[PDB]
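Read through the structure below, which is laid out as structure tokens, and then see the notes.
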Amino acid sequence: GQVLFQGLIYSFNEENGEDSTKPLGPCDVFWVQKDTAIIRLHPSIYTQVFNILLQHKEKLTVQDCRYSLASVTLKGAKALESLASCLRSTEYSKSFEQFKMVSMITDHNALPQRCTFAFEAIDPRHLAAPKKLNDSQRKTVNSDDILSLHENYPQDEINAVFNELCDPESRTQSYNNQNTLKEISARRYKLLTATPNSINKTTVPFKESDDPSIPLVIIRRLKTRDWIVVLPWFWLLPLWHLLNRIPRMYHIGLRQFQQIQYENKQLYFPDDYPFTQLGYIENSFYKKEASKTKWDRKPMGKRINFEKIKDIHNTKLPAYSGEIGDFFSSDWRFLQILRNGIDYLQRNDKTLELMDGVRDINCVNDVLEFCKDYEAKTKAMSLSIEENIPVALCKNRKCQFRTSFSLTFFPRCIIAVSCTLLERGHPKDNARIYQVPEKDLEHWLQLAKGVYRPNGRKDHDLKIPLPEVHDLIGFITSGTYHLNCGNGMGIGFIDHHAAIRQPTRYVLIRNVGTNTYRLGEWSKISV
Amino acid sequence: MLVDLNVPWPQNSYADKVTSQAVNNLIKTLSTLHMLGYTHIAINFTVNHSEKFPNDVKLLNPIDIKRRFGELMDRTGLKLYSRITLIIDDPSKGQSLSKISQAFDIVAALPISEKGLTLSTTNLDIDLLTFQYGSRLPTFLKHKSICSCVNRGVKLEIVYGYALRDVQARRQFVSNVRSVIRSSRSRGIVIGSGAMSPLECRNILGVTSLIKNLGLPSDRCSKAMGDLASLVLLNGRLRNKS
Amino acid sequence: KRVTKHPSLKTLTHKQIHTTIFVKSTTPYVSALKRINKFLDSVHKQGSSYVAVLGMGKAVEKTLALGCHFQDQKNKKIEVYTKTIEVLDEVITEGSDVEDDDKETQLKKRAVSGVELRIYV
Amino acid sequence: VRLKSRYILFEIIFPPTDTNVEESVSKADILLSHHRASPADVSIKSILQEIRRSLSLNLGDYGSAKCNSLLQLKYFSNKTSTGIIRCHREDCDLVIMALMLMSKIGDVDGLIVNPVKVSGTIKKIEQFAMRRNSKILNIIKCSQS
RNA sequence: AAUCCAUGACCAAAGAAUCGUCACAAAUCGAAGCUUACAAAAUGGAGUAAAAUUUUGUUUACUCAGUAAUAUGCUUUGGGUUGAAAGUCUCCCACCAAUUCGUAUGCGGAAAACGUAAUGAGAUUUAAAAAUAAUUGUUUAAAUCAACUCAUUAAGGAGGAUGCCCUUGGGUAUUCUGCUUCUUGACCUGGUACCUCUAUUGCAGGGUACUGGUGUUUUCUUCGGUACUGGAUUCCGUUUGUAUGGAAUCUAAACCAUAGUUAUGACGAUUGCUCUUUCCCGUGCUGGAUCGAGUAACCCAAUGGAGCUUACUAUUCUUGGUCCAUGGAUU
Ligand SMILES: [Mg+2]
């Protein structure tokens, strides 16, 4: 079906008879003619992908496309109604016959997954004004047309356009006669006097000899829910001009792209993805150093004091006395070492004690001291020698979830979940995710059901049952007030062992400086 | 929602029979309270501690809201409750609360002497404590008794209606309400309107501004009034049912 | 058997979408009242006459509730119409440990009854 | 640094103080018997003088001097008995208490002054007044049936 | 001359955070949001119980989506918001293989009457500041330092010399020779040669290739081309050619801020910071606990972003460093 998908790429490394796989990141792979495969992804990891590909090129042909093929993304409901008014076809084609009707659908989710329309379009500067297409069969649009769209598909012409875009000879021939703005203005001025002296034409006709044929590609993505149009490098500017010329189109940026992709449920390679190598490495570095510089920038008595915050954990320990993790970044090294120490404690004996080369730990304070001395040693040289958090999206199905004194050797897999606040509270990034205890299980259930005042309104003015410290199961990376539902959406990553531990889906959220615990429910995301 | 807990009934004794004009004036003033905007109304009936209580249960309340105000209740859409205050002077002619607590919903008191305050703070199953704001207070409002009666749950009731009667008693009412605010330390303060005429009832904004300028913070006024009136209505209904 | 359901084809020109509330099954009552009041106020500056209220399936009951609320509360003429909605469902047909999400697809039409509710000013 | 103003909306309500005449118990009937009309002897300088007298009599000398610096009646008409008085944000509670303590007019007796909406802008006051006027018509239309 | 202590002068950074409450099927000092309509119960759903009917079929009485929705409620935030909202400062917010600053010019930058780096000099006796465009109460300097202004240094690769760790060798900094970085373009006048239109020619106008010249380019401040960017509906032609084009009627909107039009209110409670008051272990500890005060000043948005300048911090909150400034002590 040659449909576009967005999956998780890996860096495979097999010399002879040994295979070790590392999490690389995202990628978009597309097949054409069963032999031409295109792979598009982030440049920083694209360099490594190209390197590991060129390392094995004895029976394989590689082609880089960084300054000869480009793509632009459209989002919204009326995104295709302007792309149609901008694009014009050179001669009759079935791809355009389907795209014309698709432009009137107005709903992207109604269309099926397989929808790729490619053809040869006219120059964007050829058009004077963005004239809209024929709109008279708008009412007679039923499901039979969409049902037939999956059957009727011109594979031949679309494959020819794809092969023309891949081959570097036709891609260069496309630049045969690239008319200048002065030439187009002269053509528009000479068409003022045509042989039919009855109709005013402001456009200019197409020529089979003195005109360049420009190939376009249009693909729909199911995950990002957007329409990506691919076009050569030097041809993108004229299309972009006429696209932005539409008075319902603004330019979306990487920050607004982040807002959009955070809106639905989606994730990011550099910022959100905490388990890949490049993403987590540069995330931890850049964010930690930036926050630390902004923190040391302000003087004493002017910044929030993470070190001195009372009433954070019940039965306070004399180890940190402030924040348990890192003051700036959501650190998973402390999380994994703490959980490893807790697992060791439960493995030596059924119960855990709080207060009493490296010592044989008998209390969680020794685990906190181990975390602290490890971080103090790390304060000098590189961090993350192997990893801190992997992702097990398939291994539990592969064999099983499987849980001598290192505390930092084996990592702890995490699942991508989304926690939604069901009551009063506002989340932020680098937030802590705690698990609801067993003794105070009915109080949170009653708070989630309802507790009103005798006046009638809700009641949030009560005493909070502060939980213990050994309840860290996750960290929220993208915490921002959700505007699509009216509550606070939290994008975190919880542990699978603690997910199976609890018999309920309730979970507590806390900030990095705030000492209040909000209640919510998390939902698993299959990404 | 707003709650009024101090609507007086035009009848002092039990031999006192009601007059149709008094019932009409009470209907007028309740309609005016509902017009200014209210949800809960609790009419009060005054009685003397020296008067003989009847040997009845079916006749303790000469109100019978169901037969008189039961039509207004489902027409205009409000509620009415039973409340009785006790004008207590000295420890005599009494020693009966278990039979007056089952008939009515809210039980109040009106101490006017030295021993009256002590007996009100000692062994009286009361909810609200009311003082004579019109005339002078008995001796002096101190913390030793007020703190002890507020820590158990009994609140102090303030009548902003007595001020709008004449011009001379305004000074005494102010000097008494400020003493009550200074002694109670602004925790257990509930307010009511003891007006019998529809010309002496105000809205929430005016009353709030008055009590704010008289010595009570804006948080105390709102929170106390609303939640404490709702809670006293709730516990009265609960002790009436069970 | 695994089968997913996509939404129904919505073809709105420029203004039929504006003066129209699509009542979901999870949409609260008071939010619907607020948005209906906003639409009722903004219609005659949008240039329409009525406010469309479309709901299908589980939300039909509370859609009729919203209708009969404004029927007598604000004394505004209401018009109820019974329509049919065709929805496309994507099912897997039987014909290697592969994820069930990435499998062969077949489209099937399903007709459901729905209520359109117009409110005048 | 910036002059902060705050307008107060007040209404004159006449209670049906007549014990010889029985009254109908409903919403719109009491709304109509409470919003009947204002008397002819009603003006802006006659209400401002009365409220100034009441303020000087209840608060005192300095209490009236501090509020009478920016105490003006911006908009008021006797047809519906709704007025908008301008005052400062510091003495707004004092003006509300003075409106509450308004006893009677020099010639007209038996009336209540009700403060409804208070804010620091006239646009929102006008919007709330229009909303209240629209809400008033609903019970009237419902009861006319 | 070295170190320490106290004061004063000058440069640079930042503008503490958390919780709860406020009547009206609507409200508040305000604001936003809870709308890609379905519980696969529409391929004319799945079954149970009774009567009658020679089974079907028909009439009554029920079960199933249960993680179920819960009626003006509910969640969020709101004056420095990128530390100055302040200020008669500058600029972007349509393109233009080019009469359109076609500007490879120290670096960064789309631009900036923009930031910074190395060297030399300067003070109404000067390139220019004073005692014949913006801003600032004082408004650069004029022993040395510090600050302002102006005048030079084009990007990358290769060879030699010097200095440092190091003495196979390699790395960094400076300086000299020198190559690579190539869109047949200041503007304008005259002559010659070729082609097209005005429907024969000499001639009239435009384009291109070449040569010659300062040629009154003294309007020393904008003067080039193209572009219907709100919404609704109707008419007509089409496998003879273009697979889409032609034209018509009516309205007025384009209304958009994780503050938005001068609104950002009222108090209560908790944590943190400065100095002083005392105690303790082990001198000391971003140590703990009381007894207190302070949490300031400059000033406030009206479309958005960047640069610069100017106001701020004396018991009227703070922090870091420097000083060929003085004061005391030791060597
Ligand atoms: Mg301004």
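By convention in this document, chain letters (A, B, ...) are assigned in the order of the sequence lines, proteins followed by strands, and residues within each chain are numbered from 1. Side chains included, hydrogens not; waters and symmetry mates left out as well; all remaining heavy atoms used.
At the heavy-atom level, A:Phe96 lies under 4.0 Å from the strands shown only through sugar-phosphate atoms. Nucleic acid contact for C:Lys108: none, since no nucleic acid atom lies under 4.0 Å from a heavy atom of the residue. Using a 4.0 Å heavy-atom criterion, one finds that B:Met1 contacts the sugar-phosphate atoms exclusively. Backbone-only engagement by A:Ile304 is indicated by non-hydrogen atom pairs under 4.0 Å involving sugar-phosphate atoms exclusively. Across all strands, A:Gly450 comes closer than 4.0 Å to no nucleic acid atom at all (heavy-atom distances). Nucleic acid contact class of A:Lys100 (heavy atoms, under 4.0 Å, all strands): base. When heavy atoms are screened at a 4.0 angstrom cut-off, C:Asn37 is found touching base atoms of the nucleic acid. Using a 4.0 Å heavy-atom cutoff across all strands shown, D:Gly120 reaches sugar-phosphate atoms only and no base atom. A:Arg453 comes within 4.0 angstrom of sugar-phosphate atoms only, judged by non-hydrogen atoms across all strands, and of no base. Here A:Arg518 lies in heavy-atom contact (under 4.0 Å) with sugar-phosphate atoms only. A:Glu97 comes within 4.0 angstrom of sugar-phosphate atoms only, judged by non-hydrogen atoms across all strands, and of no base. Heavy atoms of A:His482 sit nowhere under 4.0 angstrom from any nucleic acid atom. Nucleic acid contact for C:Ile85: base, since at least one base atom lies under 4.0 Å from a heavy atom of the residue. If you check every strand for non-hydrogen atoms under 4.0 Å, A:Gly486 touches a base.
Glycosidic conformation at E:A209 (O4'-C1'-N9-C4 for purines, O4'-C1'-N1-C2 for pyrimidines): anti, more than 90° from 0. With a glycosidic angle no further than 90° from 0, E:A98 counts as syn. Glycosidic torsion of E:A40 falls within 90° of 0, placing the base in syn. Nucleotide E:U222 carries an anti base; the chi torsion (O4'-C1'-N9-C4 or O4'-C1'-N1-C2) is more than 90° from 0.
The base of E:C38 lies close enough to the side chain of C:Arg110 for a donor and an acceptor atom to sit less than 3.5 Å apart. For C:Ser8 against E:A37, a side-chain-to-base donor-acceptor contact under 3.5 Å is present. You won't find any donor-acceptor pair under 3.5 Å spanning the side chain of A:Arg505 and the base of E:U67, going by distance alone. Between the side chain of C:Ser113 and the base of E:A42, at least one donor-acceptor pair of N or O atoms lies under 3.5 Å. In the interface, the side chain of A:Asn134 is paired with the base of E:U244 through a donor and an acceptor atom under 3.5 Å apart. In this model, no side-chain donor or acceptor of C:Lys15 finds a partner on the base of E:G230 within 3.5 Å.
Between the side chain of A:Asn305 and the backbone N or O of A:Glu307, at least one donor-acceptor pair lies under 3.5 Å.
Contact check on A:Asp107 versus C:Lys10 returns no salt bridge, with no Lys/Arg side-chain nitrogen under 4.0 Å from an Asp/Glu carboxylate oxygen. Between C:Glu116 and C:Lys83 there is a salt bridge, since a side-chain N of the basic residue sits under 4.0 Å from a carboxylate O of the acidic one. Salt bridge absent: A:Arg125 and A:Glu183 never bring a charged side-chain N and a carboxylate O closer than 4.0 Å. A salt bridge does not link C:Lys5 with C:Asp89: every distance from a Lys NZ or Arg NE/NH1/NH2 to an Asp or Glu carboxylate oxygen is 4.0 Å or more.
The base of E:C273 engages E:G294 as a Watson-Crick or G-U wobble partner, both distances under 3.5 Å. A canonical Watson-Crick pair (purine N1 to pyrimidine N3 plus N6-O4 or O6-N4) or a G-U wobble (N1-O2 and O6-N3), each contact under 3.5 Å, is present between E:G215 and E:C187. For E:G109 with E:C220, the Watson-Crick or G-U wobble criterion does not hold with each of the two distances under 3.5 Å. Under a 3.5 Å limit on both donor-acceptor distances, the bases of E:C107 and E:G115 meet the Watson-Crick or G-U wobble criterion. Here E:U67 is not matched with E:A227 as a Watson-Crick or G-U wobble partner, both contacts being required under 3.5 Å. For the criterion of Watson-Crick or G-U wobble pairing, both bonds shorter than 3.5 Å, the nucleotides E:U103 and E:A259 do not count as partners. Between E:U189 and E:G287, neither a Watson-Crick nor a G-U wobble pair is formed under the 3.5 Å criterion for both distances. The bases of E:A112 and E:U217 do not line up as a Watson-Crick or G-U pair with both contact lengths under 3.5 Å.
No side-chain donor from either of A:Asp311 and A:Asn515 sits under 3.5 Å from a side-chain acceptor of the other.
B:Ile204 places its CD1 atom 13 Å from the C1' atom of E:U28, with the value rounded to the nearest Å. When rounded to the nearest whole Å, the span between CG of D:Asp93 and P of E:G265 equals 15 Å. Taking atom CD1 of residue C:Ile17 and atom P of nucleotide E:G230, one finds them 19 Å apart after rounding to whole Å. Taking atom NE2 of A:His460 as the reference point, atom P of E:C22 lies 10 Å away to the nearest angstrom. In this structure, C:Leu12 atom CG and E:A37 atom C1' are separated by 11 Å, rounded to whole Å. The distance from atom CD1 of A:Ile246 to atom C1' of E:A227 is 13 Å, rounded to the nearest whole Å. Remark: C1' of E:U43 and NZ of C:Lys1 are 13 Å apart, rounded to the nearest angstrom.
Phosphate proximity of E:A69 to C:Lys24: absent, as no side-chain N or O sits under 4.0 Å from OP1 or OP2.
Ring orientation note: the planes of A:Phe96 and A:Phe119 are nearly perpendicular, at an angle over 60° on the 30°/60° scale.
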Derivation of the side chain to side chain contact (heavy atoms under 4.5 Å, CB included) call for A:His126 and A:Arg187
CA-CA 10 Å; A:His126 200 82; A:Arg187 294 173 76 172; 4.3 Å; yes

